[PDB]
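First up is the structure itself, then whatever we jot down about it.
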There are 2 protein chains.
Amino acid sequence: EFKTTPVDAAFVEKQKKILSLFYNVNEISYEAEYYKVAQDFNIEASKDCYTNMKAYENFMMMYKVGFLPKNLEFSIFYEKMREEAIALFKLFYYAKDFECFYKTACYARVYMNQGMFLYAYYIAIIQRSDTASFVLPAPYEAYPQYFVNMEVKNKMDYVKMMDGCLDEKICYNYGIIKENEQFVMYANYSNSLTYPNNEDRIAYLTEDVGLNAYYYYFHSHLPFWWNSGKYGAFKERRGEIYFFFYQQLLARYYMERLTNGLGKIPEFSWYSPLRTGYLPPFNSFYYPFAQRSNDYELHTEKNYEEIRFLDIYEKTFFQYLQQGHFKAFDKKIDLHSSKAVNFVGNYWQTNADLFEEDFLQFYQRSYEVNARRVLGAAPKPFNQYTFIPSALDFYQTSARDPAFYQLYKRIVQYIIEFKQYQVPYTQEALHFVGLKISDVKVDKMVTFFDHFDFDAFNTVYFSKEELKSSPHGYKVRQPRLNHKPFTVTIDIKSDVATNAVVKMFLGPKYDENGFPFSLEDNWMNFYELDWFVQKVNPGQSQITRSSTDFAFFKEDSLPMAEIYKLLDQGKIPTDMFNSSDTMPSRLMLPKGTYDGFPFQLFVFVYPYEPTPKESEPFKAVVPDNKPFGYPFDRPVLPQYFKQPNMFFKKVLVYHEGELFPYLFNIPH
Amino acid sequence: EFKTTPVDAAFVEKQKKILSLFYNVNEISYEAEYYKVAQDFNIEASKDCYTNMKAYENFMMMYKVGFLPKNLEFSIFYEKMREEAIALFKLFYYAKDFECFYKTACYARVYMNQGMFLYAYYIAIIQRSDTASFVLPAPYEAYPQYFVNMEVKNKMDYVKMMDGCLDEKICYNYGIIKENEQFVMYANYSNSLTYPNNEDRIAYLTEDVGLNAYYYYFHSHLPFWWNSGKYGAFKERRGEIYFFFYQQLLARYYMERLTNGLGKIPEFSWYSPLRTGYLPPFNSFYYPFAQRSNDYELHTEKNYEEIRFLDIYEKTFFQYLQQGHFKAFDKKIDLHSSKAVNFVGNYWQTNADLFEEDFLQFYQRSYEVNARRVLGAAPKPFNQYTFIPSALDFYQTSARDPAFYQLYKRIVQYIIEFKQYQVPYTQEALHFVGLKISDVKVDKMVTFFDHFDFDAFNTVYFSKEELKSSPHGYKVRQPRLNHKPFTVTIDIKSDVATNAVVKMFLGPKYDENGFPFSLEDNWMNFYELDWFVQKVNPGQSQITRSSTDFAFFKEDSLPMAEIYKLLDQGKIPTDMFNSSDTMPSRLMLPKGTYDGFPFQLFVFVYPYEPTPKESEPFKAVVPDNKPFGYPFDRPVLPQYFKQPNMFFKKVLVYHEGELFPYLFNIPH
Ligand SMILES: *[C@@H]1O[C@H](CO)[C@@H](O[C@@H]2O[C@H](CO)[C@@H](O[C@@H]3O[C@H](CO[C@H]4O[C@H](CO)[C@@H](O)[C@H](O)[C@@H]4O)[C@@H](O)[C@H](O[C@@H]4O[C@H](CO)[C@@H](O)[C@H](O[C@@H]5O[C@H](CO)[C@@H](O)[C@H](O)[C@@H]5O)[C@@H]4O)[C@@H]3O)[C@H](O)[C@H]2NC(C)=O)[C@H](O)[C@H]1NC(C)=O
Ligand SMILES: *[C@@H]1O[C@H](CO)[C@@H](O[C@@H]2O[C@H](CO)[C@@H](O[C@@H]3O[C@H](CO[C@H]4O[C@H](CO)[C@@H](O)[C@H](O)[C@@H]4O)[C@@H](O)[C@H](O[C@@H]4O[C@H](CO)[C@@H](O)[C@H](O)[C@@H]4O)[C@@H]3O)[C@H](O)[C@H]2NC(C)=O)[C@H](O)[C@H]1NC(C)=O
């Protein structure tokens with residue numbers, strides 16, 4: 001069913017050790033392995049478990065003081081917590097070998113705030129080169145409270161308090177059933193009480209567990225606060241990735257907007273009311289998540305300083321552009337080079353690369369952090385360890401808030417204003433001399449919703465006795481967007497046998513009006529679907545390529561239950577190991593219409609130039625010296641896009657079955 | 001009534017060809033010369049008709065694509081349109097000789113957007129050194145849709161459709177008359193229905209056709225998007241010219257306010273409502289001109305982005321002022337010099353010189369352009385080629401909108417803030433050793449209204465038959481301000497004998513208070529009347545100087561019909577030839593009162609230093625190394641303006657006959 005990889009026994013021991021810190025994250029089991037190891041791990045007397053004496057002794061300074069206590073909300077966006085998280089990450093990452101890393105994690109798993117631990121631990125598994133290939137459970141299994149709406153969470157809690165079902169038939173009518181002595185709780189996406197506006201049409205994409213997790217993975221693969229020295233040659237292209245990642249996401253999101261009749265992502269002002277509100281159905285130990293009403297005035301007393309910070313952060317960018325020959329933080333940088341694109345993305349992110357340092361420093365203030373605090377609408381932190389959460393406080397929940405897409409669309413618009421200074425590609429740079437795409441055909445592209453399970457066991461609490469047996473079996477089931485596999489068929493005539501790159505993009509055909517888009521106005525609204533190297537023959541030849549093979553999408557994560565079962569076969573899911581940071585397959589297509597929703601497919605073929613071997617942080621970084629998003633990485637002169645080796649096809653996206661997800665969660 | 005210039009036969013042949021492109025601008029005569037020459041013109045095979053190969057190929061690339069279609073509105077304020085107009089101007093300007101220039105022009109006149117052609121063609125004639133001396137029809141005869149209120153345009157349109165007057169006597173009552181088999185339509189200035197406020201008191205200046213032409217002329221003489229290197233030594237003074245032009249204009253305009261009981265030009269804020277609306281009676285046969293209501297909020301969603309831009313553009317300037325010295329756009333600028341005045345003007349106009357380049361580039365955004373888009377109130381353009389027009393979209397309608405003077409008042413003030421850095425004139429720099437003005441006498445200064453005709457035939461369509469005879473005779477009659485000629489006599493006692501510069505300025509004597517203006521707060525409010533050099537004798541002499549001779553004012557343009565008759569005699573009008581970019585005489589004085597309105601006449605005599613031997617972009621450039629507006633180019637210490645070689649005279653400006661122009665247009 002799913003791609004597997006054979007895996008050896010030494011691997012199985014280690015993967016098991018890793019996965020085991022993810023069970024009942026909210027409680028300590030006094031008789032699990034990890035607790036004994038933690039009791040036995042003398043942090044004081046193990047300087048020699050670490051590569052780096054400075055990292056170690058830094059941790060100890062903080063530790064002898066004290067860290068964020070257990071059970072409070074952790075967010076990387078508050079300074080003191082970040083600095084604690086980073087100290088923990090350093091320890092994890094400079095652990096001499098796996099056993100030392102294991103012991104430290106056990107230690108932290110017992111003695112530290114669980115959000116803080118989980119955050120550094122994910123990040124550590126991904127970055128340590130001895131853990132590179134190891135698999136993680138999906139964030140929704142690790143943090144189910146950020147992915148379950150309140151309604152469902154309370155239903156789960158009440159079945160635990162009752163220790164099961166009064167009678168099946170009552171519970172069935174509340175969407176609660178038993179399968180194989182496991183509880184299944186049916187969950188709707190939220191109604192207009194949480195999206196009090198049109199943005200509620202889109203709840204099935206914005207609340208999707210895959211899409212939210214996607215963003216979390218993205219953050220974990222290269223956190224803003226860390227340099228990218230780990231990845232060598234890639235360092236010089238970090239800011240490029242930032243733009244590309246957000247341009248792609250907004251392209252995807254606009255496409256969902258279009259199929260639900262919704263139009264452009266709205267623009268705002270720090271000095272004006274923001275139109276579209278959001279009321280999160282989440283809560284922390286102390287606080288329900290902050291709500292932002294409709295027409296929320298951004299410019300109130302408590303935001304005045306933050307807004308002045310944000311306002312000048314943007315205008316500083318404008319001043320660079322006005323000046324052409326800019327220069328922040330050491331060098332003079334020219335706008336027509338690419339040292340430039342690097343700078344641009346880093347600038348908007350305030351990442352560690354901007355300042356050319358290893359880790360972000362306590363006093364270095366982020367644009368994104370301050371925007372997130374203003375848009376999140378929360379009252380100010382009570383003390384440094386206690387803030388009032390909003391959706392924008394976490395990567396697991398950010399994509400739920402319409403303001404998220406508005407903030408990032410603004411940043412993307414600014415970056416695009418810079419792209420006006422880049423030289424557009426000429427005819428000769430885009431022409432594949434001697435080669436011509438003569439036709440493109442596609443299978444029916446069809447979307448539908450179907451059910452989806454995950455274990456939400458991590459936010460139910462369990463007794464001392466039950467913990468001895470690491471208990472799960474509280475499953476949430478959700479209708480989720482999906483599509484049928486299709487094939488793309490490309491017809492090629494060339495003069496000569498050569499290696500080629502084939503790329504595919506999906507973009508809109510018509511605006512909200514019903515007018516055709518021009519390339520000049522639409523290049524930013526295409527997202528990449530696939531990338532691959534093909535060996536062409538001389539003459540007439542034919543390339544077929546299934547959607548299940550598209551380079552940039554993954555299969556669904558498996559639950560840990562399945563992971564252990566596969567592990568017992570020496571098997572592992574390829575997609576969870578080789579590409580967690582990639583968008584889920586089921587969301588590759590925006591919801592269609594029974595009708596057939598008009599979009600367009602761009603197939604581009606250009607020569608393969610042999611670029612040697614790396615090991616970069618995302619699967620978006622493909623073995624090619626070309627810009628990411630190439631040839632749609634910058635403004636376009638439309639007269640150059642009628643190259644024989646390019647082809648635009650109208651495709652229609654259909655939908656099958658029920659149009660509305662709630663029709664799948666109705667009892668009788 | 002007008003000054004003539006004898007003119008030879010070669011000239012008349014060339015002048016005629018030139019003027020013939022301005023006939024029936026809006027349709028094509030299949031039997032006219034220009035048409036046959038356009039058809040015979042192989043643009044492809046004639047690269048050698050041009051000085052610049054790059055310019056040639058540049059235009060060709062563009063022309064293979066396609067230009068603004070015929071009939072649509074042309075405005076140089078929209079990027080793609082500007083780039084196309086510039087390409088076509090490059091073609092005109094680099095034409096090897098007059099023949100190639102004519103052909104290109106015929107070609108353009110046939111295959112291109114007429115507005116775009118007229119724009120480019122005007123400028124080309126003014127700029128090409130082999131055309132430097134030739135004359136042009138007044139802007140109101142070439143673009144009468146920009147100088148005719150809608151009521152009049154419709155009266156003409158219906159007379160054409162009717163093929164003349166059904167009944168002379170109905171027609172008469174509507175201000176339509178036959179004269180020498182030509183139609184004369186009487187025109188009122190617009191009522192409170194056009195300026196829904198106090199600014200309607202002034203409609204007779206702001207709608208005036210001379211004043212609007214004047215502004216069109218000033219642009220065409222040196223367009224912001226072009227280099228000034230053609231004028232050599234003048235390039236170092238381009239910003240100085242920019243200031244002076246607006247300062248003079250606003251000073252003249254404020255005088256009209258004072259005589260109509262109106263006070264200071266209101267100040268505004270991008271983040272607040274603008275009090276004074278504008279409703280233009282103009283349409284583009286597609287959209288009517290955009291209206292701006294009273295108390296229109298500038299800061300609404302569609303303007304968020306542009307206001308951000310305008311806001312930093314301003315604040316960047318403040319930061320200059322605060323820093324005294326700084327690098328900007330290559331340069332290191334010190335606000336204590338004059339390389340400063342020039343920079344400051346160039347900054348505010350974002351002209352080509354500010355970047356040290358030949359033409360404005362695609363991506364260098366203009367403050368004035370966005371200021372005008374925001375104040376103009378229009379919905380956003382529909383596409384590249386189709387915007388909704390406002391008065392601020394054209395040089396020929398700009399002066400009609402109250403907001404125009406408010407916008408330039410803002411810029412001029414920012415320059416005055418800079419001018420506080422300039423070191424004030426001292427006794428020794430102003431005192432003319434051994435010379436004294438003992439008296440100034442002035443004839444009665446009297447304003448009045450009288451009728452003025454122009455041919456509006458260009459916004460009337462003709463049949464195939466009529467076109468064969470290039471037809472005109474659709475004349476508009478309008479009361480326009482004017483004054484009676486007068487003499488200034490100056491009495492001078494002097495010790496020795498040199499050439500002197502005599503300068504005359506007009507300033508207000510009191511504010512809207514009734515309180516005497518002091519020079520400290522009035523130097524910006526003087527407009528120059530005259531400049532001339534004089535041989536001074538030892539002892540006592542009298543300089544007599546008539547208004548009809550004032551260096552900065554021109555006679556009225558003759559209509560083409562009259563130009564043609566003069567050409568038939570070997571003559572052209574001097575002022576249309578030697579000085580089209582000068583303000584008309586009739587507007588020399590603001591409307592007085594029967595009473596007599598109190599102003600002051602400033603008379604300055606200083607030593608003449610024989611210098612520059614140049615080639616003039618404007619007549620405002622007189623052969624003197626002194627600043628423009630000297631000694632009122634900068635902050636004054638009032639106690640140095642008491643030199644014997646200065647005289648301030650109180651004058652009173654009278655008015656005669658009807659005070660309101662509408663009484664000139666009443667039927668029986
Ligand atoms: C109702 O509301 C009130 C007020 O909000 C709230 O009171 C607060 O309770 C918390 C704990 O629940 C209090 O915090 C504790 O305070 C003591 C002593 O605090 C003072 O002394 C410190 C040093 O002497 C000084 O540095 C402080 O600034 C303060 O003045 C602390 O000792 C407590 O223990 C720490 O807690 C952390 C664990 O989460 C650790 O960082 C820390 O280190 C650890 O400790 C062990 C020893 O136990 C050590 O061996 C290890 O090395 C380990 O790292 C230590 O355990 C704790 O901070 C807080 O002060 C109260 N507020 C006020 C204003 O008095 C009530 O609890 C609320 N009630 C209810 C029912 O909700
Ligand atoms: C430019 O602007 C000016 C000012 O707005 C405008 O002048 C106005 O013109 C109209 C006609 O064109 C004129 O009124 C005509 O007025 C006369 C004069 O009437 C006088 O005497 C009346 C008593 O006998 C008295 O009641 C009036 O108040 C006034 O003092 C009048 O004879 C006409 O009568 C009517 O004729 C029309 C025909 O359409 C019939 O509908 C109606 O039944 C009457 O018989 C007519 O009203 C008006 O007075 C002028 N306004 C001012 C303020 O002086 C110009 O016409 C305009 N010019 C151009 C070329 O655009």
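By order in the structure tokens, chains are A, B, ...; within a chain, residues start at 1; ligands start at 1, following the order shown.
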Item to check | Contact set, chain B to chain A: 9 Å, only C-alpha atoms, as a ChimeraX atom specification | outcome: /B:65,299-302,304-305,308-309,311-313,316,328-330,362-365
Item to check | Spatial neighbours of residue 211 in chain A, max dist 12 Å, only C-alpha atoms, sep filter under 4 positions, as number ranges by chain | outcome: A: 138-140, 147, 203-207, 215-218, 249, 252-253, 395-400, 480-481, 553-554, 556, 580-588
Would you mind listing what lies within 10 Å of residue 42 in chain B as a CSV table (one decimal) with N, CA and C atoms, in the first residue's frame, with only C-alpha atoms counted and same-chain residues fewer than 4 positions away left out?
chain,number,residue,atom,x,y,z
B,37,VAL,N,2.6,58.3,-47.5
B,37,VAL,CA,4.0,58.2,-46.9
B,37,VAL,C,4.0,57.1,-45.8
B,38,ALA,N,3.0,57.0,-45.0
B,38,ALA,CA,3.0,55.9,-43.9
B,38,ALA,C,2.9,54.5,-44.5
B,46,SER,N,14.7,49.9,-42.8
B,46,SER,CA,15.3,51.3,-42.8
B,46,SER,C,16.0,51.6,-41.4
B,47,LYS,N,16.8,50.7,-41.0
B,47,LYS,CA,17.6,50.9,-39.8
B,47,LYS,C,18.6,52.1,-39.9
B,103,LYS,N,8.7,60.8,-42.1
B,103,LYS,CA,8.2,59.5,-42.4
B,103,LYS,C,7.8,58.8,-41.1
B,104,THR,N,8.7,58.7,-40.2
B,104,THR,CA,8.5,58.0,-38.9
B,104,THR,C,7.2,58.5,-38.3
B,107,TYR,N,4.2,57.4,-40.3
B,107,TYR,CA,4.0,56.1,-39.8
B,107,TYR,C,3.3,55.9,-38.5
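Taking CA of residue 223 in chain A and atom 37 (C, counted along the ligand's line) of ligand 1 as endpoints, the distance between them is 27.4 Å.
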Checklist entry - When you draw a straight line from CA of residue 273 in chain A to CA of residue 416 in chain A, how long is it in Å? => result 25.0 Å
Checklist entry - What do you get as a PyMOL selection string if you pick all residues at most 8 Å from ligand 1, counting only C-alpha atoms and all ligand atoms? => result chain A and resi 63-70
Next on the checklist: Could you list, as a ChimeraX atom specification, all residues that come within 12 Å of ligand 2? Count only C-alpha atoms and all ligand atoms.
Outcome noted: /B:149-153,155,169-177,184-192,476-479,660-668
Checklist entry - Of the residues B:384, B:260, B:459, B:541, which is the one nearest to residue 593 in chain B, using only C-alpha atoms? => result B:260
Item to check | Shell around residue 493 in chain B at 10 Å using only C-alpha atoms, local window under 3 positions removed, as JSON, numbers by chain | outcome: {"B": [434, 435, 436, 437, 438, 439, 496, 536, 537, 538, 539, 540, 541, 542, 644, 645]}
Checklist entry - Which neighbours of residue 114 in chain A fall inside 8 Å, counting only C-alpha atoms, when residues of the same chain fewer than 4 positions from it are skipped, and could you give them as a list in words? => result residues 25, 26, 70, 71, 109 and 118 of chain A
